[PDB]
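First the structure, in the form of structure tokens, and then the observations on it.
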Amino acid sequence: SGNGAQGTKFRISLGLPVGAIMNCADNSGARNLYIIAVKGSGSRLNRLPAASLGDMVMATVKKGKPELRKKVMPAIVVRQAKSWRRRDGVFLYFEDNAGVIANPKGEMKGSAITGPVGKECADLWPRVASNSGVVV
Amino acid sequence: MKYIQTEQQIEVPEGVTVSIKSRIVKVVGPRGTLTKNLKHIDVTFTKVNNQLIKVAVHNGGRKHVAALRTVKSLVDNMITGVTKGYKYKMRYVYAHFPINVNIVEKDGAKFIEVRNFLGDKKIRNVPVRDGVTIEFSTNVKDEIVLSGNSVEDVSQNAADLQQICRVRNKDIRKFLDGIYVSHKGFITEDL
Amino acid sequence: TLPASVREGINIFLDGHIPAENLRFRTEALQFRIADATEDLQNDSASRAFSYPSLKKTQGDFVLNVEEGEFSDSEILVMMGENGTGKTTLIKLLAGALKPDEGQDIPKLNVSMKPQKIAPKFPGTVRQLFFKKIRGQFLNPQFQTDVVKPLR
RNA sequence: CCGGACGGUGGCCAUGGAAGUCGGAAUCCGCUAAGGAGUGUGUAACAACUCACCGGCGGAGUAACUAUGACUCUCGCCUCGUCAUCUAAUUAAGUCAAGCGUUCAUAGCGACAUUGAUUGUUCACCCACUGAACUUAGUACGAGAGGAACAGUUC
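What follows is the structure, given as structure tokens:
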């Protein structure tokens, strides 16, 4: 979360600790995203920081265009897999872990998002809304 | 070095009688009446004549004697407040946000209610003390006026209001918003 | 710009930015208060403001009817509807410019009024006119932002 | 508490401009009760304040370039090395006050003197995060540059 995130976010189950790799779901040239940090996460001895739906992470691209590899950039988690629970009572989950590469302000690097996108992320990051097909 | 006696005069004027037992002062005049307790001090009051009353300290140090003038003054301002009375004026001060000031009442209350102070989302209230009345001066812009018989209650009621409008987290020399005391005087005019 | 769709063109307009051109055409984005955003106060002031009774104003060709309503302090009321409805007539009556055929509204209040159609009928220059009304309002920073600097 | 604080003249040289008030000495005169060739505040530069002082109150030489050294002559510690490469990432109290602080000793300082990788690693060095976000508000202040909070809301 943080910059450019207009909205607050209700807690959702943390799915992705540091080291996790999600699918890159944009058209940027990136094939996956390797999580090295979660923004706005706190501190407890021994705890991995771990992201969830609509969290902004800091990632590198393990697989993808060489102009994207070997460096750290912001991304946003768009699909989960660890099931979480909404305030309408529902426990839900996607089939994959996936997020999209983005700028500190929260602008997509790419122009499409392939696959669905959870609403809690859509609601959080307007330029993600824009590029989303099926939401939730 | 201990001064064998030092004394002071408290002059008494035509409309008032002041009566003292133990060290309890009752001053009564045209404007009503005021009483104050001087037990915490150790001075000796003595009447010379309906228009004169002395106060004296025997064998006192610096600090004791220092307290003797301040007894004179304290009882003076009781006497003047019961004749001329006291009136403090304050004015609102703001660069952008017009400070709106009312008088509300919850349960026999009387409070001075300050809205909008610097845009401030909170509604400020200062209770009106007893013995003190409040007029928003006609003919003058953003002037509040506190009056009554007791300088101490008027003065403090005033300072309660000014202090309820201190600014936080701003350069207080650029952000001069406030309600400041602007004139200290009397209720009866000519004097 | 190049031709666009109806929905699309409107959406881009409201952003205040156009990508190909890469210009932020409008300095600040337009937003409307949620009503969650507004300040929460107990409103009355002196217990409520003034109130008007039923009013009627009849020209002899048009008739206006008004239902008794109440106004409170520190509030804002919108008036909507089509022209020729007597939206203008109503405001005038409250201004005291017009006398009601029936009903009365004699308030103690001091009123400032701005007319709908503005045609000049004042001799004098623009600065002189505004200074007579009030100087000091001209000093405020708010007025610099909205009037003075934009138009010049 | 308050009134008065004056003429030679804006002394003289240094003077870019120094008219009392950065500076070099020199301290006179008239005035009248008393008013310094001038205590501090000085616009560049007078003013305009003020105050004193009257008063009211083993080692070296060598260069048609620096360096090196073909030539002549003589008896892996430092290290976490540097470049790459693999990583998002890689040991894989205080006093004195001369001074600064452009004007000013003490705002801020003060000489002299004196009372998650990598590693066993601690450490160290990076990579990230974050009390924060949201409106309050791109607001108040500011020529702009920029930039608040108290209230309310969610974590």
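Here the protein sequences line up with chains I, F and B, keeping their order.
Using PDB author numbering, the first residue of the first sequence is number 2, and each one after it goes up by one.
Using PDB author numbering, the first residue of the second sequence is number 1, and each one after it goes up by one.
Using PDB author numbering, the first residue of the third sequence is number 305, and each one after it goes up by one.
Heads up, the beta-carbon is just placed ideally off N, CA and C, and yes, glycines get one too.
Taking the Cβ atoms as the reference, residue 38(I) lies roughly 15 Å from residue 62(I), outside the contact range of under 8 Å. For the pair residue 108(I) and residue 80(I), the CB atoms are not nearer than the 7 Å cut-off. In the three-state scheme derived from DSSP, where H, G and I count as helix and E and B as strand, residue 27(I) is classed as strand. Around the beta carbon of residue 133(I), a 10 Å sphere encloses 16 or more other beta carbons of the protein chains shown; the residue is thus reported as buried.
The criterion of a C-beta distance shorter than 7 Å is satisfied by residue 111(F) and residue 104(F).
The residue among 117(I), 98(I), 9(I) with its C-alpha nearest the C-alpha of residue 82(I) is 98(I).
Rounded to whole angstroms, residue 427(B) and residue 321(B) show a C-alpha spacing of 43 Å. Residue 121(F) has a beta carbon lying within less than 7 Å of a beta carbon in chain B. Residues are counted here when their Cβ sits less than 7 Å from a Cβ of chain B; for the region 78–105 of chain F these are 96, given in chain order. Under DSSP, residue 323(B) forms no beta bridge with any residue.
The region 366–376 of chain B and the region 390–408 of chain B touch, with no fewer than 3 CB-CB distances between them shorter than 8 Å. When beta bridges are read from the DSSP output, residue 191(F) appears opposite no residue.
Comparing alpha carbon positions, the residue from 121(I), 49(I), 131(I) closest to residue 11(I) is 121(I).
For residue 446(B), the C-beta contacts it makes with chain F under 8 Å involve 96, in order along the chain. Closer than 7 Å to the CB of residue 343(B) there is at least one CB belonging to chain F. According to DSSP, residue 119(F) shares a beta bridge with no other residue. DSSP places residue 80(I) in the uninterrupted beta strand (DSSP E) bounded by 74–80. Comparing alpha carbon positions, the residue from 9(F), 25(F), 66(F) closest to residue 48(F) is 9(F).
The continuous stretches of beta strand (DSSP E) do not include residue 1(F), and DSSP gives it neither H nor E.
With fewer than 16 other Cβ atoms inside 10 Å of its own Cβ, residue 423(B) counts as exposed. Distance from the CA atom of residue 104(I) to the CA atom of residue 78(I), rounded to whole angstroms, is 13 Å. In this structure, the beta-carbon distance from residue 362(B) to residue 405(B) falls below 7 Å. Under DSSP, residue 57(I) shares a beta bridge with 77(I).
If you compare the alpha carbons of 165(F), 141(F), 61(F) with that of residue 123(F), the shortest gap goes to 165(F). For a cut-off of 8 Å, the C-beta gap from residue 117(I) to residue 101(I) is around 13 Å, too long to register as a contact. Distances from the CA of residue 29(F) to each of 74(F), 161(F), 80(F) were compared; the closest alpha carbon is that of 80(F). Distances from the alpha-carbon of residue 87(F) to those of 21(F), 159(F), 145(F), 152(F) put 145(F) closest.
Listed in chain order, the alpha helix (DSSP H) elements of length 4 or more contained wholly in the region 26–107 of chain F are 62–83. Residue state for residue 125(F) is assigned as strand, using DSSP reduced to three classes. In the structure shown, residue 146(F) falls within a strand segment according to DSSP collapsed to helix, strand and coil. With 16 or more other CB atoms across the displayed protein chains lying within 10 angstroms of its CB, residue 99(F) is buried.
DSSP places residue 429(B) in the coil class of the three-state scheme, outside both helix and strand. For residue 433(B), same chain residues with a beta-carbon under 7 Å away, outside a window of 5 residues either side, are 426 in chain order. Inclusion of residue 57(F) and residue 64(F) in the CB contact set at 7 Å is warranted, their separation being smaller than that value.
For residue 85(I), the beta-bridge partners assigned by DSSP are 93(I).
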